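Okay, so here's the structure we're looking at.
There are 4 protein chains.
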Amino acid sequence: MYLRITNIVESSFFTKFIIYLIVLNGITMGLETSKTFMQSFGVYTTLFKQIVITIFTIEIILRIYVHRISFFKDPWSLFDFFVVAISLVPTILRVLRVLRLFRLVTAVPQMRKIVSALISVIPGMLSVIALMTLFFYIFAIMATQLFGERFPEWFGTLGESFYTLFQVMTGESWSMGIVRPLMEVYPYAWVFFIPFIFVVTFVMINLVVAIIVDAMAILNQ
Amino acid sequence: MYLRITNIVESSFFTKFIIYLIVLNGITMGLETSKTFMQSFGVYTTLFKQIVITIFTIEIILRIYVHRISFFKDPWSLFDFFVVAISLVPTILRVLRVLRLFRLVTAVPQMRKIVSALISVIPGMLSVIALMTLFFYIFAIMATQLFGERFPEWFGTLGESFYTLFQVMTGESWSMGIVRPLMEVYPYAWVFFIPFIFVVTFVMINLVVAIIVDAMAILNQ
Amino acid sequence: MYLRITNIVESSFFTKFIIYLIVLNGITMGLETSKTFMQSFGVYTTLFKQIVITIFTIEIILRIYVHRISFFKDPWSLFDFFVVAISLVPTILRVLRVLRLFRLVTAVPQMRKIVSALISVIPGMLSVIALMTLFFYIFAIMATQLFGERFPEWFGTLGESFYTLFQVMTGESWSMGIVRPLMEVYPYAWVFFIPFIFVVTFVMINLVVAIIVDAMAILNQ
Amino acid sequence: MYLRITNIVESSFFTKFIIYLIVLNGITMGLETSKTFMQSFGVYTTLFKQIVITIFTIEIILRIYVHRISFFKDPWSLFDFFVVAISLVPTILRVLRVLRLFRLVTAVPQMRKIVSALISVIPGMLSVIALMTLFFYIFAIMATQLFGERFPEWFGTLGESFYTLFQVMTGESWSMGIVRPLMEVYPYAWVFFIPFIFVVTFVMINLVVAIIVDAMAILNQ
Ligand SMILES: CCCCCCCCCCCCCC(=O)OC[C@H](COP(=O)(O)OCC[N+](C)(C)C)OC(=O)CCCCCCCCCCCCC
Ligand SMILES: CCCCCCCCCCCCCC(=O)OC[C@H](COP(=O)(O)OCC[N+](C)(C)C)OC(=O)CCCCCCCCCCCCC
Ligand SMILES: CCCCCCCCCCCCCC(=O)OC[C@H](COP(=O)(O)OCC[N+](C)(C)C)OC(=O)CCCCCCCCCCCCC
Ligand SMILES: CCCCCCCCCCCCCC(=O)OC[C@H](COP(=O)(O)OCC[N+](C)(C)C)OC(=O)CCCCCCCCCCCCC
Ligand SMILES: CCCCCCCCCCCCCC(=O)OC[C@H](COP(=O)(O)OCC[N+](C)(C)C)OC(=O)CCCCCCCCCCCCC
Ligand SMILES: CCCCCCCCCCCCCC(=O)OC[C@H](COP(=O)(O)OCC[N+](C)(C)C)OC(=O)CCCCCCCCCCCCC
Ligand code: NA
Ligand code: NA
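Line by line, the protein sequences give chains A, B, C and D.
Numbers -4 to 216, taken from the numbering used here, label the letters of the first sequence in order.
Numbers -4 to 216, taken from the numbering used here, label the letters of the second sequence in order.
Numbers -4 to 216, taken from the numbering used here, label the letters of the third sequence in order.
Numbers -4 to 216, taken from the numbering used here, label the letters of the fourth sequence in order.
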């Protein structure tokens, strides 16, 4: 029995059928935004969602059976179990059920290759991320103390300062929307932001080049 | 006769004459925006367009003759045939007739080299493009469900959500124009967009570095 | 006595205790933005700041003792001494005391590695920075003379021209916010800014690629 | 006499004295924006400008003497002669006299190295620039025909369309400022701009990577 059930679970066709269920359910989720289409086929849509979630849950049961230790030590099946379990509980969280469509990435081998390649790079940049978060923390405290009183919408609390600094980093309306109105009152805020812009852009560039060399040295040898 | 006609078609000078026709027709298309110049020489312009399209169509006939199987299996001549045929039909589509100027790229060898080099890179990034389209699909459904009611202009339907997410990806007015007005009502939309910005920017950077390594390894060996 | 005191200063645990003091003081600085929390525990916060600054100052004394010549010839301890001394003087400068949190970078070995790696790149780009500053100087003088009278907010003095040019370089509202309102009066300002944008973007790209090759050649050999 | 005059012109100190004149004249040009400083020392400033331009012109005469054929076949001295001659003619052109400060780049060896390195890259990208200019031409004609009537400020003539397309390429207010107001009337303009944005960004990325490989292969061998 274990032989038959594992030869079914690890068979190509079981994964293919759940892929087709994933694709049809993704189209289903894409169609429920329409008020008109919901009015047309609410009952059919809900029925389809019930049957596909039943098949996905029984699939998760079979998979957690065939590999019990491996299921909770494999991030892909961990993610599948988490998304299925989240989709299971009814009432808010309805929005996060759309993350089940990421299971299309779980099933497809090429998408899995891409995502593993993407994840393997973070170990090379955790350090720079930590430095950047500390630098953001420091300059956000400075911005809140300096401009929080006169411009509470942008720096009144620490969080809005973190937000404004992330925005200035992105270089989106940093001068016209933030710095120039600050200079309308605090005429020497550029001593804060021009060094901030220089520093944060410089660090982002260095992060990119470090990523380049780490992804290239695995090929140069 | 086949000898003479192919020695004329594949001759340097036939392609050169059609190049000069392409250049003169490009100037012609560049001049028809002027209301004043149209008033001045409408009849001369229309006459020139008729004669050049006749020469281009007879050229396409001769080329489709000398290489019949090759014509429909060669993307350059496929594009030339398509643009000439589109320009042929009269009445809207008048705007797309300007794409005939891309035939200057078809004729010139260096432009052909550049375009082939550009196309040869997409096989290395189709996977990342597919992942990005799926990710855009998922977060666009989420954005439509969350913000479609209170901000229908940006997320009322799925398409406007795809548009707003592409824009936020470009980092054009993502905070002042979208996120901050959302926080005016939904105070916790940054939990959606800050991860979205981080993720989408990160994926774009990885796409660029993968393109770099694929275009460099063809030289390192 | 010198043996014991240096075996204490260069011991792992003294640096670890000052790290924990750094972290607790960073949380403390992060909490003083709250008007509510200040009202709650002003006396406790001030007491903690006094005791931690006393420990940091005695630490700086011990370190400047164990290595006197090295202290003023080591940029890390130079920075630590500078930030501690700045934090020492009471009354403005209260904002700059937050830079003591950068001492977390001083203590942590990995952060030190990152920062040294970042600094080692500037010798490869001082030349390009000098050229860019000269180019900014020249075009800022030009912008002040041309547009300073009709648009004094952006080019009335040299400094506001430097600012506007840095902004245009960043590509933030360069056309809608600057160039188009200029063309509302000076219709041929794009002859100034389009070459400026082309040139400044081109130089920034070349700076990035030069940084790439300098950081890669240290690995290729 | 030729021996003495060339040993003076090509001597280190003649170039150093003209460098000091360049630096002092650059400060002079930097000070004339001030209405107050002009009121203070107009006569002194004009006198200094007269004497430095006399020394620069006699220097250009001596240099064009020592190397007559080389002077008009050397781009650096060509630029020096051009800027000095432009500065010579009085009356508009007063703004372009500031380009004499680029002669600081001419004199300094390191700046010359940087600029030659920058120029040596364009031969590798003239082709891509030509393709991009043709693509801009085509889509600008399309934009003028489509949106010139309803939005003449952005596409009424060909030039304003070239400008708007360059701006959209830069990704500055492309959606909120251009595309969305167009969709207020022409609801299907994104079929024009989303492909335009994709294409133009993609080509710019490929230009950058080609520059990288051309500047790296000169080192890999
Ligand atoms: C470890 C690997 C993955 C790392 C990816 C993430 C790295 C950054 C982690 C940041 C940790 C700190 C998060 C944080 O401080 O968030 C604070 C704000 C909260 O805003 P909040 O005050 O809640 O606004 C609501 C106002 N309310 C309550 C009255 C309604 O929320 C924000 O505004 C967040 C904005 C972005 C913060 C940027 C922090 C530094 C990012 C550096 C990343 C690398 C850049 C090259
Ligand atoms: C004006 C807007 C776009 C209008 C339609 C665009 C499509 C038509 C353009 C045709 C242009 C000519 C195509 C072409 O040159 O293809 C050659 C490339 C490069 O060759 P290469 O990789 O050197 O040769 C490999 C062949 N091998 C392995 C047997 C030695 O070999 C390949 O083609 C590799 C396959 C890549 C296919 C991906 C092409 C997708 C283009 C879609 C453009 C949509 C724009 C939004
Ligand atoms: C295969 C090789 C070449 C690949 C290049 C293209 C890759 C992306 C394909 C996207 C396929 C899905 C297209 C799509 O969903 O378009 C939906 C919207 C339509 O807006 P729509 O709802 O029609 O607005 C009109 C409103 N109405 C009807 C009432 C007047 O139209 C849009 O808003 C389109 C906006 C861009 C969509 C971005 C989708 C993901 C792009 C990821 C590309 C890589 C990024 C690094
Ligand atoms: C918070 C805002 C900034 C506050 C002030 C910033 C300045 C103080 C920061 C001190 C941090 C520690 C400095 C440091 O680690 O320098 C080490 C680097 C890298 O060493 P490395 O290149 O590995 O060693 C080469 C030595 N050799 C050839 C004999 C083997 O060796 C070098 O230093 C090479 C020389 C480069 C000097 C350029 C540094 C300019 C920094 C200016 C920052 C201004 C921000 C706007
Ligand atoms: C050496 C290694 C590290 C190098 C990093 C820094 C490199 C740039 C150094 C710039 C030196 C010149 C600084 C400068 O000219 O600042 C002038 C403006 C001052 O504005 P200001 O006139 O005080 O405005 C206040 C108005 N008021 C007095 C009536 C209230 O202040 C500003 O607006 C500054 C804006 C940025 C200036 C950009 C100058 C060229 C930067 C090129 C950097 C590389 C780019 C790829
Ligand atoms: C060869 C090596 C160096 C190459 C660098 C330059 C490459 C681009 C050359 C462009 C040649 C065509 C220039 C052109 O068409 O300019 C037309 C517009 C003129 O605006 P205009 O109609 O005069 O506006 C005034 C209105 N009026 C008369 C009534 C007052 O003037 C503009 O709007 C210019 C805006 C930029 C045009 C962008 C053309 C394609 C650039 C592609 C560069 C590479 C991008 C990756
Ligand atoms: Na912007
Ligand atoms: Na931008």
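Positions of the beta carbon are idealized from the N, C-alpha and C atoms, including for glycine.
Distance, residue j Cα to residue i Cα
| i | j | result |
| --- | --- | --- |
| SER29/D | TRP169/D | 37 Å |
| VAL47/A | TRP71/A | 20 Å |
| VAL163/A | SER156/A | 10 Å |
| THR49/A | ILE133/D | 54 Å |
| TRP149/C | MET171/A | 11 Å |
| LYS108/D | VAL174/B | 46 Å |
| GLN216/C | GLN216/D | 11 Å |
| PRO85/C | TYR183/B | 40 Å |
| residue 234/B | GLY143/D | This structure cannot speak to residue 234/B, because chain B is shown only from -4 to 216. |
| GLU167/C | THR165/D | 9 Å |
| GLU54/D | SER65/D | 15 Å |
| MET106/B | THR40/D | 53 Å |
| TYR(-3)/B | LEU91/B | 34 Å |
| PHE43/B | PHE130/C | 48 Å |
| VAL194/A | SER111/C | 15 Å |
| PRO118/C | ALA205/C | 11 Å |
| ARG58/A | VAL4/A | 7 Å |
| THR10/D | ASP75/B | 59 Å |
| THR31/D | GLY151/C | 13 Å |
| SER6/A | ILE56/A | 16 Å |
| residue 221/A | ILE200/B | Any question about residue 221/A goes unanswered here, given that chain A covers just -4 to 216. |
| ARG63/D | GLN45/D | 26 Å |
| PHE191/D | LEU141/D | 15 Å |
| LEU153/D | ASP69/B | 34 Å |
| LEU160/A | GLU179/B | 19 Å |
| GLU27/C | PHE36/C | 9 Å |
| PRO104/D | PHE77/D | 20 Å |
| residue 235/D | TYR158/B | This structure gives no information on residue 235/D, because the portion of chain D shown stretches from -4 to 216. |
Cβ-Cβ distance between residue i and residue j below 8 Å
| i | j | result |
| --- | --- | --- |
| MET120/D | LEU202/D | yes |
| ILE13/A | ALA80/A | no |
| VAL116/A | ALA210/A | yes |
| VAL123/C | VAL38/C | no |
| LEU99/A | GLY21/A | yes |
| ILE207/A | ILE207/C | yes |
| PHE146/D | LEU177/D | yes |
| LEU83/B | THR52/B | yes |
Touch test, the stretch 5 to 25 of chain A against the stretch 85 to 100 of chain A, Cβ-Cβ under 8 Å, three pairs minimum
yes
Answer yes if the stretch 122 to 140 of chain D comes into contact with the stretch 181 to 199 of chain D, meaning at least three C-beta pairs across the two stretches below 8 Å, and no otherwise.
yes
Which runs of the beta strand (DSSP E) fall wholly inside the stretch 86 to 119 of chain C and span at least 3 residues, in chain order?
none
Could you tell me which whole alpha helix (DSSP H) segments of length 4 or greater appear in the stretch 158 to 213 of chain B?
175 to 178
Would you list, in sequence order, the uninterrupted alpha helix (DSSP H) runs of no fewer than 4 residues that lie entirely inside the stretch 43 to 86 of chain D?
63 to 66 and 70 to 83
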